[PDB]
Amino acid sequence: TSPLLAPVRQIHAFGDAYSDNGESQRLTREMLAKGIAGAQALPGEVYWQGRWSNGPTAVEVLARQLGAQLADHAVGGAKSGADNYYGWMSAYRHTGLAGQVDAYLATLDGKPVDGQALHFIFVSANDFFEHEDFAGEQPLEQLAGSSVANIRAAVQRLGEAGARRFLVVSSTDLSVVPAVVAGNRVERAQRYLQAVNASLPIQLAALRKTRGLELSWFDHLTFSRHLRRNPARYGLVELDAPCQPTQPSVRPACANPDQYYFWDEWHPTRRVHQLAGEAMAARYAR
Ligand SMILES: CC(=O)SCC[N+](C)(C)C
């Protein structure tokens, strides 16, 4: 190990349902009130306080561990570019990573970026899910290259505006997601996530060096592989079945959710989010 990075007192989080701590719920409630075409209530009835899980997301645990306030801009469905898996949001708000970056910068209205705040980025899953669900054109190698470029551009744009500290999360292991397994798409997920995770850290290391940034890379795939190889160590028992099935329809939730890896068919449980948050916090002093 090298020296721990300096303490963190403010996080700005950008990303998708792996981080969202209430934004998709707030926005969809707004959209429903306004009669927006296509709007639906997200995340749904079988979720904890608007999180796409049964508890806090990894970034919420990271903030708790580190003693930081959290401004969590992440939106369930968010892609790495401007928009969302949920196409019907585009007309109302651009909620992808690039959209969230634009909205954060516009809220600053010329005032300075907090150079001490950690800019946490965790996105790309929906790039893959939209591509598979709506038969996207690109070869997965090209889709991964677009994901990588999008995330690099978000770091560059935040740095441009004055951000100095970043934590960028890798692709998760999409290959073990229950919906991917049920779609017989394990190899395509493997190929997509390997491409993102090989390229992105090399691009971010160059950007870090050029702009004098503090940028930490969190390898979520290494993290999940280690958990899923040694589950008993962490008190996990069921790695594959969702605790709270939703497809084809909502069924009764499992008795022992802290023994389950997956909450629904796409999203991990509060236990896994806890472990992930603790792992992410390990690079920083309290
Ligand atoms: C209830 C669900 O999660 S459906 C899948 C939606 N997703 C593509 C945005 C993850």
# chains A, B, ... in the order shown; residues from 1 in each chain; ligands from 1
call {"tool": "residues_around", "arguments": {"residues": "residue 200 of chain A", "least_positions_apart": "2", "cutoff": "12 Å", "atoms": "only C-alpha atoms", "output": "ChimeraX atom specification"}}
result
/A:123-124,144-153,155,168-171,193-198,202-208,217-219
call {"tool": "write_last_selection", "arguments": {"atoms": "N, CA, C and O atoms", "output": "short mmCIF file (atom, residue, chain, number, x, y, z; two decimals), in the first residue's frame"}}
result
data_model
loop_
_atom_site.label_atom_id
_atom_site.label_comp_id
_atom_site.auth_asym_id
_atom_site.auth_seq_id
_atom_site.Cartn_x
_atom_site.Cartn_y
_atom_site.Cartn_z
N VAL A 123 -20.53 5.21 -13.39
CA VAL A 123 -21.50 5.08 -14.49
C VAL A 123 -20.90 4.14 -15.52
O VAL A 123 -19.70 3.95 -15.64
N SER A 124 -21.83 3.61 -16.36
CA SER A 124 -21.62 2.92 -17.65
C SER A 124 -22.60 1.75 -17.77
O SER A 124 -22.94 1.38 -18.92
N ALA A 144 -17.98 0.37 -25.75
CA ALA A 144 -17.07 0.54 -24.62
C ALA A 144 -16.19 1.76 -24.85
O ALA A 144 -15.97 2.59 -23.92
N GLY A 145 -15.69 1.90 -26.08
CA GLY A 145 -14.85 3.06 -26.39
C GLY A 145 -15.64 4.35 -26.14
O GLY A 145 -15.07 5.31 -25.61
N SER A 146 -16.92 4.41 -26.50
CA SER A 146 -17.79 5.58 -26.25
C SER A 146 -17.98 5.82 -24.74
O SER A 146 -17.94 6.98 -24.25
N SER A 147 -18.25 4.74 -23.97
CA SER A 147 -18.34 4.84 -22.52
C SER A 147 -17.07 5.48 -21.93
O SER A 147 -17.18 6.42 -21.10
N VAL A 148 -15.92 5.00 -22.31
CA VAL A 148 -14.63 5.47 -21.84
C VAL A 148 -14.46 6.93 -22.21
O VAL A 148 -14.11 7.76 -21.34
N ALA A 149 -14.76 7.26 -23.46
CA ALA A 149 -14.59 8.67 -23.87
C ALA A 149 -15.51 9.58 -23.09
O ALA A 149 -15.16 10.70 -22.72
N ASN A 150 -16.75 9.19 -22.87
CA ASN A 150 -17.71 9.95 -22.13
C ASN A 150 -17.24 10.22 -20.68
O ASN A 150 -17.41 11.31 -20.16
N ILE A 151 -16.75 9.18 -20.02
CA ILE A 151 -16.30 9.35 -18.64
C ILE A 151 -15.06 10.25 -18.62
O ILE A 151 -14.99 11.13 -17.75
N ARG A 152 -14.08 10.01 -19.51
CA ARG A 152 -12.89 10.86 -19.62
C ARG A 152 -13.38 12.30 -19.84
O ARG A 152 -12.85 13.23 -19.16
N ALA A 153 -14.37 12.53 -20.71
CA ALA A 153 -14.78 13.92 -20.99
C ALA A 153 -15.41 14.55 -19.76
O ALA A 153 -15.21 15.76 -19.52
N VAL A 155 -14.59 13.94 -16.56
CA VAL A 155 -13.50 14.31 -15.67
C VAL A 155 -12.83 15.59 -16.19
O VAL A 155 -12.55 16.54 -15.42
N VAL A 168 -13.07 7.60 -9.51
CA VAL A 168 -13.85 7.05 -10.62
C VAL A 168 -13.95 5.54 -10.40
O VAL A 168 -12.93 4.88 -10.19
N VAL A 169 -15.19 5.08 -10.41
CA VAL A 169 -15.50 3.61 -10.21
C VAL A 169 -15.48 2.93 -11.58
O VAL A 169 -15.96 3.51 -12.57
N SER A 170 -14.88 1.76 -11.64
CA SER A 170 -14.83 0.91 -12.88
C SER A 170 -16.24 0.47 -13.23
O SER A 170 -17.18 0.61 -12.53
N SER A 171 -16.35 -0.20 -14.40
CA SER A 171 -17.53 -1.03 -14.59
C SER A 171 -17.65 -2.04 -13.46
O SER A 171 -16.65 -2.55 -13.04
N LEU A 193 -17.38 -5.07 -20.34
CA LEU A 193 -16.80 -4.52 -19.08
C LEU A 193 -15.29 -4.62 -19.14
O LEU A 193 -14.59 -3.72 -18.62
N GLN A 194 -14.70 -5.67 -19.76
CA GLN A 194 -13.25 -5.78 -19.89
C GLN A 194 -12.69 -4.64 -20.74
O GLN A 194 -11.59 -4.11 -20.48
N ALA A 195 -13.38 -4.29 -21.82
CA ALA A 195 -12.96 -3.22 -22.66
C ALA A 195 -12.98 -1.88 -21.89
O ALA A 195 -11.99 -1.11 -22.00
N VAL A 196 -14.05 -1.56 -21.19
CA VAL A 196 -14.09 -0.35 -20.41
C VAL A 196 -12.94 -0.34 -19.40
O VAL A 196 -12.22 0.66 -19.25
N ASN A 197 -12.78 -1.43 -18.66
CA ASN A 197 -11.90 -1.43 -17.51
C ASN A 197 -10.45 -1.50 -17.92
O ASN A 197 -9.59 -1.15 -17.12
N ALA A 198 -10.14 -1.94 -19.14
CA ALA A 198 -8.74 -1.92 -19.59
C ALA A 198 -8.35 -0.50 -20.04
O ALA A 198 -7.26 -0.05 -19.77
N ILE A 202 -6.19 3.86 -18.01
CA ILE A 202 -5.04 4.39 -18.74
C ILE A 202 -5.35 5.83 -19.15
O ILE A 202 -4.54 6.70 -19.00
N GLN A 203 -6.56 6.09 -19.63
CA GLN A 203 -6.94 7.44 -20.07
C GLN A 203 -6.99 8.39 -18.86
O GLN A 203 -6.57 9.58 -18.92
N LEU A 204 -7.51 7.89 -17.75
CA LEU A 204 -7.61 8.75 -16.56
C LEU A 204 -6.21 9.02 -16.00
O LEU A 204 -5.99 10.14 -15.48
N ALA A 205 -5.27 8.06 -16.04
CA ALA A 205 -3.95 8.32 -15.48
C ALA A 205 -3.30 9.46 -16.27
O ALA A 205 -2.68 10.34 -15.68
N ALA A 206 -3.51 9.48 -17.59
CA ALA A 206 -2.91 10.55 -18.42
C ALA A 206 -3.55 11.90 -18.09
O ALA A 206 -2.87 12.92 -17.95
N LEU A 207 -4.85 11.93 -17.92
CA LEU A 207 -5.52 13.14 -17.60
C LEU A 207 -5.09 13.63 -16.21
O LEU A 207 -4.83 14.82 -16.03
N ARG A 208 -4.99 12.71 -15.24
CA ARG A 208 -4.54 13.04 -13.91
C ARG A 208 -3.20 13.78 -13.97
O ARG A 208 -3.01 14.81 -13.25
N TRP A 217 -8.80 5.40 -8.76
CA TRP A 217 -9.56 4.45 -9.56
C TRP A 217 -10.03 3.31 -8.67
O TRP A 217 -9.13 2.74 -8.02
N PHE A 218 -11.34 3.06 -8.56
CA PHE A 218 -11.86 1.93 -7.76
C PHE A 218 -12.27 0.78 -8.68
O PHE A 218 -13.22 0.93 -9.45
N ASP A 219 -11.56 -0.34 -8.57
CA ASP A 219 -11.85 -1.51 -9.41
C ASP A 219 -12.92 -2.33 -8.75
O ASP A 219 -12.66 -3.18 -7.83
#
call {"tool": "select_by_dssp", "arguments": {"residues": "segment 107-210 of chain A", "states": "strand (DSSP E)", "output": "compact mmCIF listing (two decimals) with C-alpha atoms, in the first residue's frame"}}
result
# COMPACT_ATOMS: atom_id res chain seq x y z
CA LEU A 118 -14.20 14.75 -4.06
CA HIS A 119 -15.91 14.30 -7.46
CA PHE A 120 -17.14 10.72 -7.46
CA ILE A 121 -18.14 9.21 -10.81
CA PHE A 122 -19.80 5.77 -11.19
CA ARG A 165 -10.12 15.52 -6.69
CA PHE A 166 -11.79 12.50 -8.26
CA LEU A 167 -12.77 8.94 -7.52
CA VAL A 168 -13.85 7.05 -10.62
CA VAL A 169 -15.50 3.61 -10.21
call {"tool": "residues_near_ligand", "arguments": {"ligand": "ligand 1", "cutoff": "7 Å", "atoms": "only C-alpha atoms and all ligand atoms", "output": "list in words"}}
result
residues 43, 76, 77, 85, 86, 126, 129, 130, 265 and 266 of chain A
call {"tool": "write_last_selection", "arguments": {"atoms": "C-alpha atoms", "output": "JSON list (two decimals), in the first residue's frame"}}
result
[["chain", "number", "residue", "atom", "x", "y", "z"],
["A", 43, "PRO", "CA", -37.56, 3.32, -8.42],
["A", 76, "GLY", "CA", -31.23, 5.66, -11.78],
["A", 77, "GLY", "CA", -31.00, 4.85, -15.53],
["A", 85, "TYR", "CA", -31.91, 4.47, -20.32],
["A", 86, "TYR", "CA", -35.44, 5.88, -19.82],
["A", 126, "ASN", "CA", -26.94, 1.61, -18.59],
["A", 129, "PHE", "CA", -28.27, -2.36, -20.75],
["A", 130, "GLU", "CA", -29.78, 0.09, -23.31],
["A", 265, "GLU", "CA", -32.37, -8.36, -10.92],
["A", 266, "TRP", "CA", -29.95, -5.42, -11.53]]
call {"tool": "closest_atom_pairs", "arguments": {"of": "segment 51-99 of chain A", "to": "segment 22-37 of chain A", "cutoff": "8 Å", "atoms": "only C-alpha atoms", "output": "tab-separated table"}}
result
residue	atom	partner	partner_atom	distance
A:51	CA	A:22	CA	5.9
A:72	CA	A:23	CA	7.9
A:73	CA	A:23	CA	6.9
A:74	CA	A:23	CA	6.8
A:75	CA	A:24	CA	5.2
A:76	CA	A:24	CA	5.7
A:88	CA	A:37	CA	6.8
A:92	CA	A:36	CA	7.6
call {"tool": "atom_distance", "arguments": {"atom1": "atom CA of residue 280 of chain A", "atom2": "atom CA of residue 59 of chain A"}}
result
8.3 Å
call {"tool": "closest_residue", "arguments": {"among": "A:125, A:180, A:82, A:275", "to": "residue 233 of chain A", "atoms": "only C-alpha atoms"}}
result
A:275
call {"tool": "closest_residue", "arguments": {"among": "A:46, A:78, A:41, A:154", "to": "residue 249 of chain A", "atoms": "only C-alpha atoms"}}
result
A:46
call {"tool": "select_by_dssp", "arguments": {"residues": "segment 39-239 of chain A", "states": "helix (DSSP H, G or I)", "output": "ChimeraX atom specification"}}
result
/A:58-66,87-89,97-108,125-133,140-161,174-176,178-182,186-211,220-229,231-234
call {"tool": "write_last_selection", "arguments": {"atoms": "C-alpha atoms", "output": "JSON list (two decimals), in the first residue's frame"}}
result
[["chain", "number", "residue", "atom", "x", "y", "z"],
["A", 58, "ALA", "CA", -22.00, 2.62, -1.79],
["A", 59, "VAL", "CA", -21.32, 6.34, -2.10],
["A", 60, "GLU", "CA", -23.59, 7.07, 0.93],
["A", 61, "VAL", "CA", -21.45, 4.60, 2.95],
["A", 62, "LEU", "CA", -18.26, 6.14, 1.59],
["A", 63, "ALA", "CA", -19.42, 9.57, 2.79],
["A", 64, "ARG", "CA", -20.33, 8.20, 6.24],
["A", 65, "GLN", "CA", -16.99, 6.39, 6.58],
["A", 66, "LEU", "CA", -14.95, 9.43, 5.59],
["A", 87, "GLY", "CA", -35.77, 7.79, -23.11],
["A", 88, "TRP", "CA", -38.85, 9.65, -21.97],
["A", 89, "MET", "CA", -36.76, 11.69, -19.51],
["A", 97, "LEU", "CA", -23.35, 11.72, -16.53],
["A", 98, "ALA", "CA", -22.80, 14.61, -19.01],
["A", 99, "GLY", "CA", -26.25, 16.06, -18.09],
["A", 100, "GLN", "CA", -25.53, 15.86, -14.38],
["A", 101, "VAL", "CA", -22.12, 17.59, -14.94],
["A", 102, "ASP", "CA", -23.82, 20.39, -16.92],
["A", 103, "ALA", "CA", -26.48, 20.86, -14.27],
["A", 104, "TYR", "CA", -23.91, 20.95, -11.42],
["A", 105, "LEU", "CA", -21.81, 23.57, -13.24],
["A", 106, "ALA", "CA", -24.94, 25.60, -14.07],
["A", 107, "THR", "CA", -25.96, 25.59, -10.43],
["A", 108, "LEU", "CA", -22.55, 27.13, -9.62],
["A", 125, "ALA", "CA", -23.98, 0.00, -16.81],
["A", 126, "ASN", "CA", -26.94, 1.61, -18.59],
["A", 127, "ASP", "CA", -24.83, 2.16, -21.75],
["A", 128, "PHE", "CA", -24.72, -1.67, -21.91],
["A", 129, "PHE", "CA", -28.27, -2.36, -20.75],
["A", 130, "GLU", "CA", -29.78, 0.09, -23.31],
["A", 131, "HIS", "CA", -27.62, -1.33, -26.08],
["A", 132, "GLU", "CA", -28.73, -4.90, -25.33],
["A", 133, "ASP", "CA", -32.41, -4.14, -24.62],
["A", 140, "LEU", "CA", -19.67, -3.73, -28.02],
["A", 141, "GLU", "CA", -15.97, -2.72, -28.47],
["A", 142, "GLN", "CA", -17.14, 0.61, -29.98],
["A", 143, "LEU", "CA", -19.83, 1.00, -27.22],
["A", 144, "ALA", "CA", -17.07, 0.54, -24.62],
["A", 145, "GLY", "CA", -14.85, 3.06, -26.39],
["A", 146, "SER", "CA", -17.79, 5.58, -26.25],
["A", 147, "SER", "CA", -18.34, 4.84, -22.52],
["A", 148, "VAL", "CA", -14.63, 5.47, -21.84],
["A", 149, "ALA", "CA", -14.59, 8.67, -23.87],
["A", 150, "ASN", "CA", -17.71, 9.95, -22.13],
["A", 151, "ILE", "CA", -16.30, 9.35, -18.64],
["A", 152, "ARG", "CA", -12.89, 10.86, -19.62],
["A", 153, "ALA", "CA", -14.78, 13.92, -20.99],
["A", 154, "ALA", "CA", -16.72, 14.32, -17.74],
["A", 155, "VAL", "CA", -13.50, 14.31, -15.67],
["A", 156, "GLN", "CA", -11.96, 16.77, -18.15],
["A", 157, "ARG", "CA", -14.99, 19.11, -18.00],
["A", 158, "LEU", "CA", -15.14, 19.03, -14.18],
["A", 159, "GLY", "CA", -11.33, 19.62, -13.99],
["A", 160, "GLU", "CA", -11.67, 22.51, -16.48],
["A", 161, "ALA", "CA", -14.19, 24.18, -14.12],
["A", 174, "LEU", "CA", -22.20, -6.92, -15.41],
["A", 175, "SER", "CA", -21.65, -10.55, -16.29],
["A", 176, "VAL", "CA", -23.11, -11.76, -12.97],
["A", 178, "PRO", "CA", -29.32, -11.59, -12.63],
["A", 179, "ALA", "CA", -30.98, -9.86, -15.65],
["A", 180, "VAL", "CA", -27.85, -10.41, -17.80],
["A", 181, "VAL", "CA", -27.69, -14.09, -16.83],
["A", 182, "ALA", "CA", -31.47, -14.48, -17.59],
["A", 186, "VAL", "CA", -22.86, -13.20, -19.84],
["A", 187, "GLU", "CA", -20.15, -13.24, -22.58],
["A", 188, "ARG", "CA", -21.27, -9.93, -24.10],
["A", 189, "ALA", "CA", -21.19, -8.32, -20.58],
["A", 190, "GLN", "CA", -17.68, -9.83, -19.99],
["A", 191, "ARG", "CA", -16.46, -8.37, -23.27],
["A", 192, "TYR", "CA", -17.98, -4.90, -22.70],
["A", 193, "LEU", "CA", -16.80, -4.52, -19.08],
["A", 194, "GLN", "CA", -13.25, -5.78, -19.89],
["A", 195, "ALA", "CA", -12.96, -3.22, -22.66],
["A", 196, "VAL", "CA", -14.09, -0.35, -20.41],
["A", 197, "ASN", "CA", -11.90, -1.43, -17.51],
["A", 198, "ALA", "CA", -8.74, -1.92, -19.59],
["A", 199, "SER", "CA", -8.95, 1.44, -21.33],
["A", 200, "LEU", "CA", -10.46, 3.88, -18.83],
["A", 201, "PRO", "CA", -7.76, 3.79, -16.12],
["A", 202, "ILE", "CA", -5.04, 4.39, -18.74],
["A", 203, "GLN", "CA", -6.94, 7.44, -20.07],
["A", 204, "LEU", "CA", -7.61, 8.75, -16.56],
["A", 205, "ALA", "CA", -3.95, 8.32, -15.48],
["A", 206, "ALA", "CA", -2.91, 10.55, -18.42],
["A", 207, "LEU", "CA", -5.52, 13.14, -17.60],
["A", 208, "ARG", "CA", -4.54, 13.04, -13.91],
["A", 209, "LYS", "CA", -0.91, 13.72, -14.82],
["A", 210, "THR", "CA", -1.71, 16.51, -17.33],
["A", 211, "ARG", "CA", -4.03, 18.49, -15.03],
["A", 220, "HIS", "CA", -15.30, -2.75, -8.59],
["A", 221, "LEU", "CA", -14.71, -5.97, -10.61],
["A", 222, "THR", "CA", -11.76, -6.96, -8.40],
["A", 223, "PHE", "CA", -13.82, -6.06, -5.36],
["A", 224, "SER", "CA", -16.82, -8.23, -6.42],
["A", 225, "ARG", "CA", -14.62, -11.14, -7.55],
["A", 226, "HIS", "CA", -13.00, -11.27, -4.13],
["A", 227, "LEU", "CA", -16.38, -11.13, -2.34],
["A", 228, "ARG", "CA", -18.01, -13.76, -4.60],
["A", 229, "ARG", "CA", -15.05, -16.16, -4.28],
["A", 231, "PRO", "CA", -18.69, -15.29, 0.41],
["A", 232, "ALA", "CA", -18.82, -16.93, 3.85],
["A", 233, "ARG", "CA", -16.11, -14.53, 5.08],
["A", 234, "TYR", "CA", -18.54, -11.62, 4.50]]
call {"tool": "atom_distance", "arguments": {"atom1": "atom CA of residue 262 of chain A", "atom2": "atom CA of residue 283 of chain A"}}
result
25.6 Å
call {"tool": "atom_distance", "arguments": {"atom1": "atom CA of residue 284 of chain A", "atom2": "atom CA of residue 1 of chain A"}}
result
11.8 Å
